[PDB]
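Residue strings, one per chain:
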Protein chains: 2
Amino acid sequence: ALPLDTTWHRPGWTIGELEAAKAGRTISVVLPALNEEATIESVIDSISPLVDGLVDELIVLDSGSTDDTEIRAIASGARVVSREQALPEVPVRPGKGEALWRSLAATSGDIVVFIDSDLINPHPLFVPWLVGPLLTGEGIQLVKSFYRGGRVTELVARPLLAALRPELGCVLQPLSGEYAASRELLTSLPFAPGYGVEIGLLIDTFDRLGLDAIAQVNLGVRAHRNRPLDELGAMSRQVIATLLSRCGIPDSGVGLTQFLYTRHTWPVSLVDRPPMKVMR
Amino acid sequence: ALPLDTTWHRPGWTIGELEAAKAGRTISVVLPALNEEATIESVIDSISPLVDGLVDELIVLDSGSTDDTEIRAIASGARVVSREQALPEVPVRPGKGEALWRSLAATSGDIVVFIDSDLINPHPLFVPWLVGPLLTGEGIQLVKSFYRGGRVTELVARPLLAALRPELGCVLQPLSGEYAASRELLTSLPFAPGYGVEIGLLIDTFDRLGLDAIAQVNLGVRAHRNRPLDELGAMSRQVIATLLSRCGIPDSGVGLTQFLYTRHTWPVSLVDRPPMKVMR
Ligand SMILES: O=c1ccn([C@@H]2O[C@H](COP(=O)(O)OP(=O)(O)O[C@H]3O[C@H](CO)[C@@H](O)[C@H](O)[C@H]3O)[C@@H](O)[C@H]2O)c(=O)[nH]1
Ligand SMILES: O=c1ccn([C@@H]2O[C@H](COP(=O)(O)OP(=O)(O)O[C@H]3O[C@H](CO)[C@@H](O)[C@H](O)[C@H]3O)[C@@H](O)[C@H]2O)c(=O)[nH]1
Ligand SMILES: [Cl-]
Ligand SMILES: [Cl-]
Ligand SMILES: [Mn+2]
Ligand SMILES: [Mn+2]
């Protein structure tokens, strides 16, 4: 391991050991989903055998899907929750960060696990491998995954971290959509909008609790949707905006423009959601 | 055009018109090269027909090649200049920015044109298309190229510019290796090290002379060496470091680390070369 608790190899914990270690703590699993009809069922099925055992609760956080995502998830026995149902007093904003933040209001596990719903054949041990350090460690409040090409991660986020928060240089996949954390931690932190949510959570956690509260576990290999370069441009812009803000640097608020030769401007947001705590 | 003089279409100027417009001004062409034996001859040949006419001078700036770059360039009739010969009183540093800066001491054109030496079948009109606005415009001191996937450009540089210098959002290929500028401008500016040199030159030019001094011309389509993702990681890191510095933001000076699972740290430099002017 580096100065960051890193599980480099297959965790050795059995499902039954992990379950014993809960000690009254509960576990929620959240799957955010926007138009993932092709992969959603495989993801739910990888995890539903854990329900009523290690996992106390599983939801799909449907983020405005217009395909068959919701019906197929229901048919896999999952509880599907819209953004509106998760938190109906508050009008819905677009983007991933909004979905995860709302999901805090729709779950009650002491521990919350996020798994992206666009994964291709995910391992059924993903969730156990992630909760290990939270269950059996001390002071770990956040566990990030890593894996084996991560264009935004390797060109934008990791190099920017080296520039502005080099202490986090040892985190191999800071933008990974698969991770777990304590409710106490998550409901105490703001949530960046859009694709800024992961990078925001990591830096805030570090700034507030330091490295000793963070672990990372090998999930082996991951496959997912490969988005077009232009969609990555918009994602990177939001990651940059969120990353700059945590480092005390003013962002223009100006969206990325691209020329296809036609021109298009993508939205960027400088507005975080506050800690879900204030909503109590 | 946008607020930035943009030549969207094939320039209409003939080689003879352009030559007339020189009016005593001279033109140097510089080809930086590090191990480009496969493509260097095609690039030189695309340009050497202009020599003693529109172009007064052509050099290859050899940046420590250990392949056959120099012998093949000589065999194409090019003058080849090492980093050491360009400026022998000053010990040589690694990276592209060093090569271009040194090239100022090895040329005397009032106008300097840079063309990367790894281009696959470059158009023989590249150089005329670039000098057009400098020759026939007023107050233009810098001309950048654009083209048609630019991973570092679209994920790192363009989104970072939108964040920190949104006025430059209209520049389509800020990192393009093909561009031209006045000696008066170039010898008045510092040169960022490594791959930071292009982004550094653009921001300094803008900060010092504003947009009205900058033009961009369509070169159509370009092909070149596609580097592995890890090499791009190091390039992006240096672009970020240089970009952050021009915007008044402190960089850690810490190199990007990558885990292949073995670990490697890449060099980054926070040291610019001063304006070549001080070397007079
Ligand atoms: O508005 C949205 C956008 C995405 N998602 C879901 O979020 C997950 C990941 O989104 P994706 O479009 O696949 O983003 P990636 O290109 O994969 O981005 C990677 O890097 C991002 C930057 O941190 C992370 O947010 C992602 O989890 C991570 O997979 C998917 O299951 C989506 O269904 C939503 O629920 N709502
Ligand atoms: O130490 C070096 C490195 C590169 N080069 C030359 O510079 C040119 C471009 O370098 P390259 O390795 O192809 O960089 P790219 O991946 O193509 O980077 C693009 O984006 C960079 C960031 O601004 C620019 O520096 C480049 O010109 C541009 O092609 C090539 O002809 C090389 O021969 C050197 O002379 N010395
Ligand atoms: Cl608090
Ligand atoms: Cl000056
Ligand atoms: Mn994905
Ligand atoms: Mn190249």
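Structure determination for this PDB entry was carried out by X-ray crystallography, with a resolution of 2.637 Å recorded in the header.

> Sorry, what's going on with the site of ligand 2 here?
Residues and elements named next belong to chain B. If you check the shell around ligand 2, you find 19 residues, and the closest are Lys96, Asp116, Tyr195, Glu198 and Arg225. Within the side chain of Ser63, one N or O atom sits 3.2 Å away from an oxygen atom of ligand 2. The contact in question runs from an oxygen atom of ligand 2 to an N or O atom on the side chain of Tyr195, over 2.9 Å. Here ligand 2 has 670 Å² of accessible area as a free molecule, and 93% of this is covered by the chains.

> Would you mind going over the sheet that holds strand β5 (residues 111-114) of chain A with me for this structure?
Residue and element names in this part refer to chain A. What the eight strands build is an open sheet, ordered β1-β8-β6-β7-β5-β2-β3-β4; its pairing is mixed. Of all the strands in the sheet, the pair left with one neighbour each is β1 (5-7) and β4 (79-82). Between one strand axis and the next, the sheet turns by 20° as a mean value, whatever way the strands run. In this structure, β1 lies alongside strand β8 (residues 214-218), joined through three bridges in parallel fashion. The partner of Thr6 across the bridge, within β8, is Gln216.

> How should the site of ligand 1 be read in this particular structure?
All names here are of chain A. Contacts to ligand 1 come from 19 residues, most closely from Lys96, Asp116, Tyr195, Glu198 and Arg225. Within the side chain of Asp116, one N or O atom sits 2.7 Å away from an oxygen atom of ligand 1. With respect to ligand 1, the backbone of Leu175 contributes an N or O atom lying 3.4 Å from an oxygen atom. Against a free-state accessible area of 670 Å², the protein chains account for coverage of 94% of ligand 1. Of the residues contributing to the shell around ligand 1, the split by class is six nonpolar, five polar and eight charged.

> Explanation requested: helix α5 (residues 96-105) of chain A in the structure shown.
Structurally, the α-helix is built with 3.6 residues per turn, so residues lying three or four positions apart point the same way. Taken across its 10 residues, α5 of chain A has nine buried, putting it largely inside the fold. Along α5 of chain A, the residues that are buried comprise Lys96, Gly97, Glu98, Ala99, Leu100, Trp101, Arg102, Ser103 and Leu104 of chain A.

> For this particular structure, what's the right way to read the UniProt feature "binding site: (2R)-3-phosphoglycerate" in chain A?
Here the UniProt-annotated "binding site: (2R)-3-phosphoglycerate" positions come out as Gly150, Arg151, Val152, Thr153 and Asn226 of chain A. Separation in sequence by 77 residues is not matched in space for these annotated residues, since their most distant C-alpha atoms are only 13.6 Å apart. Tracing the backbone through its elements, the reader meets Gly150 of chain A in the loop between β6 (142-146) and α7 (151-164). With respect to the helices and strands, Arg151 of chain A occurs in helix α7. Take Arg151 of chain A: its relative accessible area is 25%, and that puts it in the partly exposed class. If sequence neighbours within four positions are ignored, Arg151 of chain A has contacts with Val156, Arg227, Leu229 and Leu232 of chain A together with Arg151, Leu155 and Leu229 of chain B.

> Explanation requested: the interface of chain A and chain B in the structure shown.
Interface size is commonly expressed as the accessible surface area that is lost when the partners come together. If you look at the interface, chain A gives 36 residues, while chain B gives 36 residues. Only α7, α10 (229-246) and β9 (257-259) of chain A provide two or more residues apiece to the side of chain A that touches chain B. With 11 residues, the top contributor of residues to the side of chain A that touches chain B is α7 of chain A. Here the residues of the side of chain A that touches chain B are counted per class, giving 22 nonpolar, nine polar and five charged.

> What should I look at first to understand the coordination of the manganese ion (ligand 5) in this one?
Octahedral six-donor coordination of a metal ideally yields angles of 90 or 180 degrees, compared with 109.5 degrees for tetrahedral four-donor coordination. Within the protein, the manganese ion (ligand 5) binds to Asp118 of chain A (OD) and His224 of chain A (ND1); these donor distances fall in the range 2.1 to 2.2 Å. Under the relative-accessibility criterion, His224 of chain A is labelled partly exposed at 31%.

> Would you take a moment to explain the environment of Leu50 of chain B for this structure?
Position of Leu50 of chain B among the secondary structure elements: in the loop between α2 (40-47) and β3 (57-62). The sequence separation of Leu50 of chain B and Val127 of chain B amounts to 77 residues, and the corresponding C-alpha distance is 9.0 Å.

> In this structure, what is going on with the relation of the copies chain A and chain B? I would like to understand it.
What relates the pair of chain copies is a rotation about an axis plus a shift along that axis. Structural alignment of chain A on chain B gives an RMSD of 0.0 Å, achieved by rotating through 180° and translating 0.0 Å along the axis. The two molecules are tied by a two-fold rotation axis, judged by turn and shift. For chain A, the minimum C-alpha distance to the rotation axis belongs to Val156 of chain A and amounts to 2.9 Å. Same-surface contact between copies: 100% of interface residues of chain A are shared with the interface of chain B.

> Can you help me understand the coordination of the manganese ion (ligand 6) in this one?
Around the manganese ion (ligand 6), the protein contributes the donor atoms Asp118 of chain B (OD) and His224 of chain B (ND1), at 2.1 to 2.2 Å from the metal centre. For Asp118 of chain B, a relative accessible area of 7% gives the class buried.

> Before we go on, may I ask you to explain the UniProt feature "binding site: Mn(2+)" in chain A in this structure?
All names here are of chain A. The sites that carry the UniProt feature "binding site: Mn(2+)" are, in the present numbering, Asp118 and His224. When you line up the elements, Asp118 lands in the loop between β5 and α6 (126-136). At a separation of 3.5 Å, a polar atom in the side chain of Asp118 contacts the side chain of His224. Looking at the element boundaries, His224 is found in the loop between β8 and α10. Ignoring sequence-local partners within four residues, the contact set of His224 consists of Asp118, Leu119 and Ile120.

> Sorry, what's going on with the pattern of salt bridges here?
When the charged atoms of two side chains lie near each other, side chains of opposite charge can form a pair. Residues and elements named next belong to chain A. Under the defined criterion, the tally for this structure stands at 34 salt bridges over all chains. As a salt-bridge pair, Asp68 and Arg72 come within 3.9 Å of each other at their nearest N and O atoms. Note on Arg72: relative accessible area 28%, which makes it partly exposed. A single salt-bridge network, built from bridges that share partners, covers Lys96, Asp116, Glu178, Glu198 and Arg222.

> When you look at the nonpolar core in this model, what are you seeing that I'm missing?
Proteins that are soluble and globular tend to have nonpolar side chains buried together. Counting 102 residues, the largest nonpolar core has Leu164 of chain A together with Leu164 of chain B as its most contacted members. Apart from residues no more than four positions distant in its own chain, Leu164 of chain A is found in contact with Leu243, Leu244, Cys247 and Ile249 of chain A together with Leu244, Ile249 and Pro250 of chain B.

> Even after reading the chapter, I still don't get the sheet that holds β3 of chain B, so can you show me in this structure?
Where strands meet in a sheet, backbone hydrogen bonds hold them as pairs that are either parallel or antiparallel. Residue and element names in this part refer to chain B. Within the open sheet, the eight strands sit side by side as β1-β8-β6-β7-β5-β2-β3-β4. Their pairing is mixed. Each of the sheet's edge strands pairs with one partner strand only, and the pair in question is β1 (5-7) and β4 (79-82). Between one strand and the next, the sheet's axes are offset by a mean angle of 20°, whatever the strand orientation. Pairing analysis gives six bridges linking strand β2 (residues 27-33) to β3, with the strands arranged parallel. Each bridged residue has a counterpart across the sheet, and for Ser28 the counterpart in β3 is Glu57. Docked against the sheet, helix α6 (residues 126-136) engages β2, β5 (111-114), β6 (142-146), β7 (179-182) and β8 (214-218), running at close to 145° with respect to β6.

Conventions adopted
Residues numbered from 1 in each chain as written, not as in the entry; some residues may be left out. Chains lettered and ligands numbered in written order. Heavy atoms only, no water. Residues with missing side-chain atoms left out of burial classes, pairs and counts. Near = heavy atom within 4 Å. Polar contact = N/O pair within 3.5 Å; in protein donor to acceptor, adjacent residues only side chain to side chain. Areas by Shrake-Rupley, 256 points an atom, 1.4 Å probe, with all protein chains shown as cover. Pairing = 2+ DSSP bridges. Helix = DSSP H or I, 4+ residues; strand = E, 2+ residues; numbered from the N terminus. Axes fitted to C-alpha atoms, helices over the stretch in contact; angles between N-to-C directions. Nonpolar A, V, L, I, M, F, W, Y, C, P; charged D, E, K, R; others polar. Buried < 20%, exposed > 50% of the residue type's maximum accessible area, 1.4 Å probe, protein only. UniProt positions renumbered as here; feature names shortened; annotations may be inferred. Contact = heavy atoms within 4.5 Å. Donors = N, O, S within 2.8 Å, 3.2 Å for Na, K, Ca; no water. Least-squares fit on C-alpha atoms. Salt bridge = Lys/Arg side-chain N within 4 Å of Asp/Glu carboxyl O. Core = buried A, V, L, I, M, F, W, Y, C linked by side-chain atoms within 4.5 Å.

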